[PDB]
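Working through the structure, step by step
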Protein chains: 2
Amino acid sequence: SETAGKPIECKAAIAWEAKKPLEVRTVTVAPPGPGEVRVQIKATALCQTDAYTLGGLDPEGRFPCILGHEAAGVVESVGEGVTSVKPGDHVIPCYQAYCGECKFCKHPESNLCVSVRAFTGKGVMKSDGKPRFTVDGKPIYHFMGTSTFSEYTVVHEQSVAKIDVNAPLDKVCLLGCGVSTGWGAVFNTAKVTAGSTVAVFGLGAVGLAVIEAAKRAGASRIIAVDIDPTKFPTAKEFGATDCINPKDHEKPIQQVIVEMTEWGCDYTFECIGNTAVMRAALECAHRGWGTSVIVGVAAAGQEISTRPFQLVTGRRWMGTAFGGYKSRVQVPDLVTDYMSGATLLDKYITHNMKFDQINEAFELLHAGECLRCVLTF
Amino acid sequence: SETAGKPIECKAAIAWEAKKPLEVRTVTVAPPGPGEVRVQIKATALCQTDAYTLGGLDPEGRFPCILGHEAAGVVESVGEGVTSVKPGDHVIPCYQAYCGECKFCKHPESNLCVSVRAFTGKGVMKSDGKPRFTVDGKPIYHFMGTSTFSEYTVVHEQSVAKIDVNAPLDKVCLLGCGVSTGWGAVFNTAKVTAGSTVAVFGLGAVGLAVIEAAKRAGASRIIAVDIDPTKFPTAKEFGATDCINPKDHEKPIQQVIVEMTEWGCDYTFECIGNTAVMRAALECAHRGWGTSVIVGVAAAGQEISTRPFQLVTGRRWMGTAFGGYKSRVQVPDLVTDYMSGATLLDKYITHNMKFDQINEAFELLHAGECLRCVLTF
Ligand SMILES: [Cl-]
Ligand SMILES: [Zn+2]
Ligand SMILES: [Zn+2]
Ligand SMILES: [Zn+2]
Ligand SMILES: [Zn+2]
């Protein structure tokens, strides 16, 4: 290969500091060390969590860094000892790793692998405690183990899902986070049963994916809740049977939902990251057995609260990370389901833009004027 | 029968007002109206719930009233249309009713029947909205649908569990409340699996029952947690493998428990009603899949809080009411289980006293000098 074993100079978007626009400029990407994989990113999308860290809300936020964690690409080279993938393989980098041997990888009800979290959480690589990006010789740190806002990135082997080489990379990049999180909140965390009632709070990409999955699970009623009523027609397209703007109501939203359903919904999902709405979703879960799943990411430190009477009388409060999917095992299964024509994945992409317009994609996201923007180089 | 269809004069303990001793004296017990059952109480125990209302802490407390909700006895007569029991049947009256027809009775995961609670919550009967006790013609209100501190009481048919005639009534009188609640927290709400690790916060009768049931379910470690170390020898007799006094440690108790188990306990239970301890129990449930069950009843005005990170990373917060047992269906099965020799029910009874000493029994409860005291007439 032309580039194997060599640093690569390529285009990237650098967050030099919090709460400034990103700089699209050249970065130097080192070759992969032992157990590492260098990936050519072919397509990458923006997630609310990228904006969260950019805005200074990440406790472990480390600058300068390259954000991005929803992507798909092609293996450029692998470091020493890597056997699971080879150059040319099509891959999705996974912010949730999978090693298959730790306590979490072996438990059927967790995906929270601890193989590399200590290093990806600090924006470096496990093999030497250092990042792989440099600008004028100075280190630029990784984000969420993936750093997909770069033509080339280096990731741990445990973070590399190898996918159907025939799947379109500018579509299945979405499976790297948001859509997969919403689907798995339904199929893995809540395990929604046929005939059940569901409420979804927040109608961005994650909430729509909750709706899509709940319809596939056979839900009999799906109540879409958002304070932006321009999101309602798409929610109905994905299967919502009701749409509710909390601002059209004097009562707190949890009371409105309970009144609509007498006792609450069998399942509720919070897909925003707002702790007040998290409480609301718990309190309109059905009396006696209702389950409420936190999908969104709240600002660090902020607490959720409710009266314990809510749980004593049968409601269950839980949460999910990456929809509970064991990444390297199950992300390929999600791609297969897409290839079978069973999903609406294509309908989440509202904008296809060039990487140079990345800051405009953040503005579209911040305005709620997109579901997903897929960037290409 | 000499008494059927006629009022009964019998001994009872009247709570004329809050924070005063009970008066043991004669009361008039009306015959049962439609759908009602008049029960001759053969044994009745005391519980902190009786003392809570007697101390004037209950928002729905209503005086004057006849307290008591843990009892067993024999049917003296039935009202119009009752066919599920007949005179001579041995029964346990239950504060949690079971009608078999409402949404909660028909759900596999709830026992929160709504057939009569609106009426029992106000200390009256559903058939006419009035109580069945009088002194000098003045009404005395019911408590928890049961009012078992009386030789005879009148209860809703939906509250009457029909039990094995061979069971000793001065033992199974505990199965209408705390012991069953603890057992059911393990077997119904948490569904504790063999080999799992368990922590139990609070070591009264309810927490000891959680420990007993966790051991029966095959838990490999059971960590009992209480600030009163004089409860630890009894906790070990019921199956605890470790005992932890939070006052012995200079770090938050959830950190102590997580350090002991590396990641937390697969299941944790809060058995006191203390919201700060409820949070601690949640936060030392196992990363990725741990379950924390609120069994105790918090004070009026206390919320539970945590950070949503705790749920996003796999912990599940729930609660239980009467152990999730559907009363009229499953209380007879608990009696059958006790009769099989599989339980430690007899070990919960530390005192056996005469009904005339009920005020002295409440002193023992307040002093903490007993697990359960059983009264007979
Ligand atoms: Cl009626
Ligand atoms: Zn994301
Ligand atoms: Zn692992
Ligand atoms: Zn009790
Ligand atoms: Zn019912």
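In the PDB archive, X-ray crystallography is given as the structure determination method for this entry, at a resolution of 1.8000 Å.

Further remarks concern the overall build of chain A. Across its full length, chain A carries 12 helices and 18 strands. Over its C-alpha atoms chain A spans a radius of gyration of 20 Å, differing by no more than 12% from the 21 Å that the globule rule assigns to 377 residues. Dimensions of chain A, computed from the C-alpha atoms along their principal axes, are close to 65 × 40 × 40 Å. Taking all 377 residues of chain A together, the buried fraction comes to 60%. Long-range pairs, those at least 24 residues apart, make up 69% of the contacts in chain A with a sequence separation of at least 6. Taken as a whole, chain A presents about 14,200 Å² of accessible surface, with 50% of it coming from carbon and sulfur.

Right, let's talk about the pairing of strand β5 (residues 90–93) of chain B for a bit. Residue and element names in this part refer to chain B. The alternating pattern of β5 places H90 and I92 and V91 and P93 on opposite faces, both of which are buried. Direction of pairing for strand β4 (residues 70–78) relative to β5: antiparallel, over a ladder of 2 bridges. Within β5, the position partnered with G73 by the bridge is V91. Across 3 bridges, β5 lies against strand β9 (residues 160–162) in antiparallel orientation. Of the residues in β9, the one forming a bridge with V91 is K162.

Our focus in this paragraph is the sheet that holds strand β2 (residues 23–29) of chain B. Residue and element names in this part refer to chain B. Reading across from one edge, β1-β2-β6-β7 is the order of the 4 strands in this open sheet, with antiparallel pairing throughout. In this open sheet, the two strands that pair with only one neighbour each are β1 (8–14) and β7 (138–140). For this sheet, the mean inter-axis angle between neighbouring strands, taken without regard to orientation, is 50°.

On to helix α9 (residues 275–283) of chain A, then. Residues and elements named next belong to chain A. Buried residues dominate α9, accounting for 7 of its 9 residues. Among all positions in α9, only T275, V277, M278, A280, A281, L282 and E283 are buried. Its side-chain oxygen 2.7 Å from the backbone nitrogen of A276, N274 forms the N-cap of α9.

Residue and element names in this part refer to chain A. At this site the zinc ion (ligand 2) is bound by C47 (SG), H69 (NE2) and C177 (SG), with donor distances of 2.2 to 2.3 Å. In the primary structure, the donors to the zinc ion (ligand 2) are separated according to the pattern C-x21-H-x107-C. In this pair, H69 sits in the loop between α1 (48–54) and β4 (70–78) while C177 sits in the loop between α4 (169–172) and α5 (178–190), placing the two residues 108 residues apart along the sequence. Take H69 and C177: they sit in the same class, and that class is buried.

Between chain B and chain A, the contact holds 37 residues from the first and 36 residues from the second. Summing the contributions of chain B and of chain A, the shared interface buries around 3,200 Å²; its carbon and sulfur component is 63%. A salt bridge links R279(A) to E303(B); its shortest N-O distance comes to 2.9 Å. Connecting chain B to chain A are 13 residue pairs in polar contact. Of all the elements in the fold, those that place two or more residues in the side of chain B that touches chain A are α8 (275–283), β15 (304–306), α9 (309–312) and β16 (316–319) of chain B.

Another aspect to go through is the domain arrangement of chain A. Residues and elements named next belong to chain A. Domain boundaries assigned for chain A yield domain 1 (1–181 + 321–377) and domain 2 (182–320). Taking only C-alpha atoms into account, the centre of domain 1 sits 28 Å from that of domain 2. Between domain 1 and domain 2, the buried area comes to about 1,900 Å², and carbon and sulfur atoms account for 57% of it. Here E109 ties to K191 by a salt bridge, and the two come within 2.9 Å at their closest N and O atoms. Among the elements of the structure, α1, α5 and α11 (327–339) are those that each provide at least two residues to the side of domain 1 that touches domain 2. It is α5 that contributes the most residues to the side of domain 1 that touches domain 2, 4 residues altogether. Among the residues forming the side of domain 1 that touches domain 2, the class breakdown is 14 nonpolar, 8 polar and 4 charged.

Residue and element names in this part refer to chain A. Within the protein, the zinc ion (ligand 3) binds to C99 (SG), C102 (SG), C105 (SG) and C113 (SG); these donor distances fall in the range 2.3 to 2.4 Å. Every donor counted, the 4 donor atoms about the zinc ion (ligand 3) form angles of 100 to 118° at the centre, which fits tetrahedral coordination. For the zinc ion (ligand 3), the donor residues sit on a single chain with the sequence spacing C-x2-C-x2-C-x7-C. Residue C105 is classed as buried on the basis of its relative accessible area of 6%.

A few words now on the UniProt feature "binding site: Zn(2+) 1" (unreviewed entry) in chain A. Residue and element names in this part refer to chain A. Here the UniProt feature "binding site: Zn(2+) 1" (unreviewed entry) sits at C47, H69, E70 and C177. The greatest C-alpha distance among the residues just named is 7.7 Å, despite their covering 131 residues of sequence, which places them together in space. Locating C47 in the fold gives a position in the loop between β3 (36–45) and α1. On the accessibility criterion, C47 (5% relative accessible area) is buried. Aside from chain neighbours lying at most four places away, what touches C47 is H69, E70, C177, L365 and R372. Residue classification places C177 among the buried residues on the basis of a relative accessible area of 6%. In contact with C177, not counting residues within four places along its chain, are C47, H69, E70, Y95 and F322.

What counts, and at which threshold
- Here, residue numbers run from 1 along each chain following its sequence as written; these need not agree with the numbering used in the entry, and residues that have no coordinates do not appear.
- Chain labels run from A onward and ligand labels from 1 onward, assigned in the order the entries are written.
- Think of the side-chain values as coming from all heavy atoms in the structure, minus any hydrogens and water.
- For the purposes of this entry, the term helix denotes a DSSP run of H or I that reaches at least four residues, the term strand denotes a run of E that reaches at least two, and both are numbered from the N terminus.
- C-alpha atoms define the radius of gyration, and 2.2 Å times the number of residues to the power 0.38 defines the globule rule.
- Think of it in three bands: residues with accessible area under 20% of the maximum for their type are buried, residues over 50% are exposed, and the middle band is partly exposed, with areas taken using a 1.4 Å probe on protein chains only.
- What makes two residues a contact is simply this: any of their non-hydrogen atoms within 4.5 Å.
- Every accessible area reported is derived by Shrake-Rupley at a probe size of 1.4 Å, with residue values counting cover from the shown protein chains alone.
- Any two strands with at least two DSSP-identified bridges between them are counted as paired.
- For helices, the axis comes from a line fit to the C-alpha atoms of the stretch in contact; other axes are also lines fit to C-alpha atoms, and the angle between any two N-to-C directions lies between 0 and 180 degrees.
- Distance and chemistry together define a polar contact, namely a pair of N or O atoms within 3.5 Å, with one atom able to donate a hydrogen and the other to accept it when in protein, and with adjacent residues in sequence counting only for side-chain atoms on both sides.
- Sodium, potassium and calcium take a 3.2 Å donor cutoff, other metals 2.8 Å, and in both cases only N, O and S atoms count; water is not among them, so sites may look incomplete.
- Note on definitions: buried area is the accessible-area loss of two parts on being combined, 1.4 Å probe, summed for both.
- Should a side-chain nitrogen of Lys or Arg be within 4 Å of a carboxyl oxygen of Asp or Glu, the pair is scored as a salt bridge.
- Each domain's extent was defined by an automatic or database domain assignment.
- For this classification, the nonpolar set comprises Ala, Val, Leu, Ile, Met, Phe, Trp, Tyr, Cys and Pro, the charged set comprises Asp, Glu, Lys and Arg, and every other residue, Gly included, is treated as polar.
- By the criteria applied here, four donors are tetrahedral when all angles lie between 85 and 135 degrees, four are square planar and six octahedral when opposite donors are over 155 degrees apart and every other angle lies between 65 and 115, and any other arrangement is irregular.
- UniProt positions are given in the numbering used here, feature names are shortened, and annotations may be inferred rather than shown by experiment.

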